[PDB]
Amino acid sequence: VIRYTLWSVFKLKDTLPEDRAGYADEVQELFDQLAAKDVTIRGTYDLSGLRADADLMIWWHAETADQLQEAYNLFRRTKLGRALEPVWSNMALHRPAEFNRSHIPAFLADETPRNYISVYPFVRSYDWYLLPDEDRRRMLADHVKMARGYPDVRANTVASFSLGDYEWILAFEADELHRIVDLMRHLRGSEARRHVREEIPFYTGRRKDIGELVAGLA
């Protein structure tokens, strides 16, 4: 029913120490104690190279915003956290859909998280929500029909009104990176594209467990 989800992006302050021995195990220990507290770490992602101002993303969710705030601060006390600068951190809340109330975010359907993710915020035009419900229904229905040829890339569209600067946070997961690219380009032919004001920054990266992630960062 009520599930908050948070995507927290970090950049390296400079590089990690040449010997970073306890770094990944301290974080893994924290992740283990948070799961005990009903905070789910859906994934950590390597963003480096694909963005100059970002290296790491944590995707976590829980029943209250407050538990995600605590996890965020606990992570920052970590040795890895203390080597990182926060860049972008945005929360969303799963609410019922306007028209098709079967659409549940992948993370909420206990679906396996895929190898690649592309996360971006979203803001519609000023008049989108003022259109006749009939018009908003048709365009969203088209939106899912054209997506139907990409069932291998899983959608996570969550409301974020009033939690930050946006209206929705979107997160697409797929095991092949080029499938997110092709879907995104295909969805440019949707007529809902006439009703967009903002959809950046894009944070795109590779799911890794924390040991390998720490090892591959500069």
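Numbers follow the displayed sequence, beginning with 1.
For the pair 25 to 33 and 44 to 52, the mean Cα B-factor is higher in 25 to 33. In this crystal structure, the stretch out of 91 to 99 and 121 to 129 whose C-alpha atoms carry the higher mean B factor is 91 to 99. The top Cα temperature factor in the record, among 166, 150, 59, 172, falls on 150. Compared with the other modelled residues of the chain, the Cα B-factor recorded for residue 75 ranks in the lowest third. When all modelled residues of the chain are sorted by CA temperature factor, residue 214 is found within the middle third. Sort the modelled residues of the chain by CA B factor and residue 191 lands in the highest third. Among the modelled residues of the chain, residue 182 sits in the lowest third by CA temperature factor in this PDB entry.
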